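Given next are the chains, with one letter for each unit.
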Amino acid sequence: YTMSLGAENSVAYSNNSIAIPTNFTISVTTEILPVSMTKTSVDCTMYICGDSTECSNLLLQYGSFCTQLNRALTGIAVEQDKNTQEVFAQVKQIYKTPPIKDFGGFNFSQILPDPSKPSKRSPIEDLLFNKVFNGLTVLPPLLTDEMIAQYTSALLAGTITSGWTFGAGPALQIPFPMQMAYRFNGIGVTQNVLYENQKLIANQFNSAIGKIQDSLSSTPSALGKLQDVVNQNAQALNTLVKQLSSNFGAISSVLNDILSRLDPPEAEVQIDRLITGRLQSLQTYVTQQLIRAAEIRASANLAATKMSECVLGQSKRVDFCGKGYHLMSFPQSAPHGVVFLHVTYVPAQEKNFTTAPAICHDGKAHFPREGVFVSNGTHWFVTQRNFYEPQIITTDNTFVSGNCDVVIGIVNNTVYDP
Amino acid sequence: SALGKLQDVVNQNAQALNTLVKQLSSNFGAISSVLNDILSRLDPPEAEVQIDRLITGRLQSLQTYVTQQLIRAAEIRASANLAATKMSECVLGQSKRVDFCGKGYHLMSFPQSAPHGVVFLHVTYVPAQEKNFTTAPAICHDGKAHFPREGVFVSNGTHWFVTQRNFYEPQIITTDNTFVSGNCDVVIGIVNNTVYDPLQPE
Amino acid sequence: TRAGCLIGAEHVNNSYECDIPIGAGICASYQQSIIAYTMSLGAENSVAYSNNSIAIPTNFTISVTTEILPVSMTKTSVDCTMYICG
Amino acid sequence: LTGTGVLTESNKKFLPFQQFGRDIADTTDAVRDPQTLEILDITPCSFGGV
Ligand SMILES: *[C@@H]1O[C@H](CO)[C@@H](O[C@@H]2O[C@H](CO)[C@@H](O)[C@H](O)[C@H]2NC(C)=O)[C@H](O)[C@H]1NC(C)=O
Ligand SMILES: *[C@@H]1O[C@H](CO)[C@@H](O[C@@H]2O[C@H](CO)[C@@H](O)[C@H](O)[C@H]2NC(C)=O)[C@H](O)[C@H]1NC(C)=O
Ligand SMILES: *[C@@H]1O[C@H](CO)[C@@H](O)[C@H](O)[C@H]1NC(C)=O
Ligand SMILES: *[C@@H]1O[C@H](CO)[C@@H](O)[C@H](O)[C@H]1NC(C)=O
Ligand SMILES: *[C@@H]1O[C@H](CO)[C@@H](O)[C@H](O)[C@H]1NC(C)=O
Ligand SMILES: *[C@@H]1O[C@H](CO)[C@@H](O)[C@H](O)[C@H]1NC(C)=O
Ligand SMILES: *[C@@H]1O[C@H](CO)[C@@H](O)[C@H](O)[C@H]1NC(C)=O
Ligand SMILES: *[C@@H]1O[C@H](CO)[C@@H](O)[C@H](O)[C@H]1NC(C)=O
Ligand SMILES: *[C@@H]1O[C@H](CO)[C@@H](O)[C@H](O)[C@H]1NC(C)=O
Ligand SMILES: *[C@@H]1O[C@H](CO)[C@@H](O)[C@H](O)[C@H]1NC(C)=O
Ligand SMILES: *[C@@H]1O[C@H](CO)[C@@H](O)[C@H](O)[C@H]1NC(C)=O
Ligand SMILES: *[C@@H]1O[C@H](CO)[C@@H](O)[C@H](O)[C@H]1NC(C)=O
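Within each chain the numbering goes from 1 in written sequence order, not necessarily matching the entry, and residues lacking coordinates are not shown. Chain letters start at A and ligand numbers start at 1, both assigned in the order the entries are written. Remark: the chains included constitute part of a larger assembly, and values are reported for the included chains only. Excluded from the side-chain calculation are hydrogens and water; included are all heavy atoms of the structure. Residues with missing side-chain atoms are left out of burial classes, side-chain pairs and their counts.

Draft legend 1. Structural view of the interface of chain B and chain C. Contacts between chain B and chain C engage 58 residues on the former and 29 residues on the latter. By definition here, a salt bridge exists when the distance from a side-chain nitrogen of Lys or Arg to a carboxyl oxygen of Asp or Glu is within 4 Å. Linking chain B with chain C are 1 salt bridge. Here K86 of chain B and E67 of chain C are joined by a salt bridge, their closest N and O atoms 2.8 Å apart. Two N or O atoms count as a polar contact when they lie within 3.5 Å, although within protein this holds only if one can serve as hydrogen donor and the other as acceptor, and sequence-adjacent residues are included solely when both atoms are side-chain atoms. Across the contact surface, chain B and chain C share 20 residue pairs in polar contact. For the side of chain B that touches chain C, the secondary structure elements donating two or more residues are α1 (4-22), α3 (44-91), β2 (117-136) and β5 (152-155) of chain B. Helical segments are the DSSP runs of H or I of at least four residues, strand segments are the runs of E of at least two, and each set is numbered from the N terminus. Among the elements that line the side of chain B that touches chain C, the one with the most residues is β2 of chain B, at 19 residues. Strands pair, by our definition, only if DSSP identifies at least two bridges between them. As paired strands, β2 of chain B and strand β6 (residues 53-70) of chain C are joined by 17 bridges and run antiparallel to one another. Of the residues in β6 of chain C, the one forming a bridge with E130 of chain B is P57 of chain C. By definition, residues are in contact when any of their heavy atoms lie within 4.5 Å.

Draft legend 2. Region of the structure containing unusual backbone geometry. Residues and elements named next belong to chain A. Unlike most non-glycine residues, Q349 shows phi in positive territory, near 55°. The topology assignment puts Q349 in strand β6 (residues 337-356). Non-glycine residue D362 carries a positive phi angle of around 55°. One can find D362 in the loop between β7 (359-361) and β8 (364-368). Only protein chains enter the calculation, and the probe is 1.4 Å; a residue is then buried if its accessible area is under 20% of its type maximum, exposed if over 50%, and partly exposed in between. What makes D362 exposed here is its relative accessible area of 62%.

Draft legend 3. Structural detail: the arrangement of the chains. A comparison of contact numbers over the 4 pairs of chains in contact places chains B and C at the top. Contact between chain B and chain D is absent, and the minimum C-alpha spacing across the pair is 23 Å.

Draft legend 4. Fine view of the interface of chain A and chain B. Every contact between the two is made by 39 residues of chain A and, on the other side, 38 residues of chain B. Accessible area that two parts lose when put together, with a 1.4 Å probe and added across both, is what the buried area reports. In total, about 3200 Å² of surface goes out of reach between chain A and chain B, with carbon and sulfur atoms giving 54% of it. For the pair chain A and chain B, the number of links is 1 salt bridge. For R97 of chain B, the salt bridge is made with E309 of chain A, and the minimal N-O distance between the two is 2.9 Å. At the boundary of chain A with chain B, the tally comes to 13 residue pairs in polar contact. For the side of chain A that touches chain B, the elements supplying multiple residues, two or more each, are α3 (65-88), α6 (176-185), α7 (191-196) and α11 (264-311) of chain A. Of the residues forming the side of chain A that touches chain B, the biggest block, 9 residues, is contributed by α11 of chain A. Charged residues are taken to be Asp, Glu, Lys and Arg, nonpolar residues to be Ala, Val, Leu, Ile, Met, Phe, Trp, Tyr, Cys and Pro, and polar residues to be all remaining types, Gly included. Here the residues of the side of chain A that touches chain B are counted per class, giving 15 nonpolar, 18 polar and 6 charged.

Draft legend 5. Examining the sheet that holds strand β2 (residues 20-23) of chain C more closely. All names here are of chain C. Across the sheet, 4 strands lie side by side as β1-β4-β3-β2; this open sheet has mixed pairing. Looking at strand neighbours, the two that pair on one side only are β1 (10-11) and β2, the edges of this open sheet. Across 5 bridges, the pairing between strand β3 (residues 26-30) and strand β4 (residues 34-38) is antiparallel. Bridged to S29 within β4 is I35.

Draft legend 6. Layout of the UniProt feature "disulfide bond" in chain A. Residue and element names in this part refer to chain A. We call a pair of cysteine sulfur atoms a disulfide whenever their separation is within 2.5 Å. UniProt positions are given in the numbering used here, feature names are shortened, and annotations may be inferred rather than shown by experiment. A sulfur-sulfur distance of 2.0 Å is found between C310 and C321, whose disulfide is recorded in UniProt, and that is short enough to count the bridge as formed. You can see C310 sitting in helix α11 and its partner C321 sitting in the loop between α11 and β5 (325-334), a full 11 residues away along the chain. Summarising the burial analysis for this pair, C310 and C321 share the class buried. Judged by the 2.5 Å criterion, the UniProt-annotated disulfide of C360 with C404 is present, its S-S distance being 2.0 Å. Of this pair, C360 sits in strand β7 while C404 sits in the loop between β12 (398-403) and β13 (411-412); the two residues are 44 residues apart in sequence, bridging distant segments of the chain. For the pair shown, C360 and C404 are each scored as buried.

Draft legend 7. Broad picture of the packing of helix α5 (residues 145-162) of chain A against α6 of chain A. Residues and elements named next belong to chain A. Helix axes are fitted only over the stretch in contact, all axes being lines through C-alpha atoms; the angle between N-to-C directions runs from 0 to 180 degrees. At a closest axis distance of 7 Å, the pairing of α5 and α6 adopts a crossing angle of 85°. Between α5 and α6, the angle falls in the class roughly perpendicular. Residues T159, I160, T161 and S162 of α5 pack against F176, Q179 and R183 of α6. Of the residues assigned to the contact of α5 with α6, the class counts are 2 nonpolar, 4 polar and 1 charged. By definition in this entry, angles of less than 35 degrees are roughly parallel, angles greater than 145 are roughly antiparallel, angles of 65 to 115 are roughly perpendicular, and the rest are oblique.

Draft legend 8. The state of the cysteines, seen in detail. Within the structure shown, the criterion is met by 7 disulfides over all chains. Bridging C49 of chain A to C55 of chain A, the disulfide has an S-S length of 2.1 Å. Negative torsions about the S-S bond denote left-handed disulfides, and the value of about -65° found for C49 of chain A with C55 of chain A makes this one left-handed. Linked covalently through their sulfurs, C310 of chain A and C321 of chain A form a disulfide whose S-S length is 2.0 Å. What sets the handedness of the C310 of chain A and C321 of chain A disulfide is the S-S torsion sign, and at about -80° it is left-handed. With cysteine numbering restricted to those in disulfides and following the sequence, chain A has the pairing 1-4, 2-3, 5-6, 7-8. Lacking any disulfide linkage, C5 of chain C is separated from the closest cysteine sulfur, that of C27 of chain C, by 18 Å.

Draft legend 9. Representation of the environment of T219 of chain A. Along the polypeptide, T219 of chain A turns up in the loop between α8 (198-217) and α9 (224-242). Remark: the alpha-carbon pair of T219 of chain A and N413 of chain A, spanning 194 residues in sequence, is separated by 56 Å.

Listed below in structure tokens is the structure:
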């Protein structure tokens, strides 16, 4: 079939019609990013020549190719620890949550460490981790999964107990509901909306978090982005190893068989063929790892940016910290990567109102100081743009600039003076 | 070590060139690494074989060098793009991106020229000497719920004030720095206080 | 250690900031002799959180930090024919 | 069949006709001793970077 690009949706546009959300939902979305790559290390001489002295001596005729290859892989291995550090080690102190988790109805039990498990991982982190001979060795990460989990929990503790202040200076404690109120202001929604609907908001939040764990559990492909990295590197190593079975024109792919059959004057020729082929195979591997490493580095840099802007603060960048109006984010540790739970404010249940650019009163043009002028069909009100809350139009929520003969579409109404 | 980031680039390129040059001393299976020695000893029918070995090895060495320079160039390009972004957002403006223009609240930045690079001096505002206050989401007065227009309601233990969130500056709570929304029976943790009306005296 | 067998470094219980990375949470430093330890991730800091307590800065400082970025690379040029054949 | 490594008793159930085995790398990792018909596993001698 010819693919659909999405459902068609006409907007009820007119020169005096505005839609304003009378409700909203709290949505939590998951963003999964690769941070690090398996720190592989290949011993060039052993890969090519094994323990053969005769081959090793011939390998030296090629100069320092093996030094370059060993060096390139070492450089990658170092980068991988740098990548992890840049993303997770963004907090100087290891912050702890209080013994009593009273956050005004907000339940963080699925993102905070579960004390009953030796791994000290959150219920979600636990789920994320559950989902994902020839001179070839693998080096361990500098930071163990436990240490990465500790960094994550510190970031969570800071985010929950001191908002974003710990990401700028010292951690300044603040009631969670009050923190959320500030985050509402940050998206153009007045703080009273948070408090008046605090119970609803906490419930929508708690529900959304529960959905995250269920979504990940029931969606095996959810962490494909991390699994793809693992698969690509495993595939690269398997290919590199398989190349040792190739003859490359030699009488045998086995160096020991050549040496047991032939004298040096003839063995050299057969060995040279294996060296050329195996050296070429190793160069191919390293080149691909350098290119792949660059991609991982870019991802790690993106993850580090999100850690700073989505977790250690509130972003005003659209689609940077989830789809919707960013409120806050919570990091979760994952296998060779990081998972961000983005908490966004999403407008809901909008309705049509008649609007005007200004109100005409006593010959003066009055403009809304913060909101927009709307009519329910009989009366004009001024309300905040992101949430329907129809206030009486007064001199304390409007300002005057010019007369009524300038503004196009200006309407006649009363402006109340307290 | 402060400029290690710039020195590392210099070292990597110098190292790459040194390696490329050293490869000219390799035989690659030839009787000699020196092309002139091969030509002075052998006739074309035999020299060709020895030369071909040097060409293969040297061509391979040069291809290795160039590939590494292309990959390395990509890293430098990315860094330059980041530097250009910071020049625009940290120097030619004030950033609201956390940790983008230094650690703290970005005020401004000043660029400085450096060897094959740029150095940014990030001037940030860093909060200091905080103290504990008792706070409330709203003040209850005359049955109405009053919320702070800009700051936060805080108590020093006996009196309630409204102050800007990033710097302690305890103002009297008045109708000119709060707004009303709903009654006192909705907000959780609302506290009783007086909200001063500047018009009441007149 | 999980990184292999480390010989010559004295293992201690005290955790410090990482100096020379060994791997798997282990770092080494010169303190004199070379020692091995599990790296610290930073000092622990509990926040005095409660449902009605806020901290507000009564002062501030002006901090200047330095960020150093590479912009350009040496513009090398290699004559392929001359390099190979002189 | 020559090489260097550590010979240990194998728990691999070779069929009556199989003389040696290979791993996923397609390299010998087990042999049948030509005199005793004992199956031996072959592992490389301890190695690693320093
Ligand atoms: C926070 O939410 C968790 C669930 O995610 C609550 O734990 C559940 O508590 C009920 C009892 O009310 C048990 O039947 C469930 O088996 C528990 N589930 C899990 C995963 O532990 C937890 O009690 C909530 N905390 C608060 C303060 O409400
Ligand atoms: C705004 O939407 C929320 C749901 O997102 C409404 O809350 C639900 O109300 C129904 C009853 O109609 C209950 O059965 C649900 O359990 C409630 N959900 C939650 C999370 O509490 C809310 O009433 C709506 N508000 C307005 C003004 O429409
Ligand atoms: C506004 O009116 C149009 C009809 O002109 C209707 O299609 C649209 O759904 C209405 N919008 C809302 C939010 O009710
Ligand atoms: C508009 O709002 C006012 C005040 O609540 C109400 O009295 C009036 O009936 C409303 N008009 C319509 C058409 O709903
Ligand atoms: C909208 O267009 C109509 C003409 O169809 C015009 O009469 C009306 O004044 C316009 N209103 C505004 C706000 O432009
Ligand atoms: C508004 O009222 C004035 C009279 O004060 C009148 O002249 C003007 O035409 C009216 N404008 C509209 C859009 O009704
Ligand atoms: C607030 O009080 C706690 C004790 O409950 C204390 O540890 C903390 O340092 C105080 N904060 C400030 C800024 O004085
Ligand atoms: C709170 O501030 C007021 C006004 O400066 C002062 O009179 C009062 O003594 C202060 N209370 C405490 C506990 O410091
Ligand atoms: C804080 O919790 C206590 C119970 O320990 C409760 O009495 C008090 O009203 C709560 N205050 C707020 C602002 O939630
Ligand atoms: C605030 O004062 C009212 C009386 O006007 C009283 O009914 C209410 O319980 C008081 N609330 C608090 C938290 O003191
Ligand atoms: C570290 O502490 C353990 C006890 O938990 C002790 O047995 C061990 O000897 C100590 N090691 C050193 C050298 O500090
Ligand atoms: C000779 O080899 C056979 C295996 O083919 C074995 O069964 C037999 O016992 C061996 N005899 C001696 C003396 O080793």
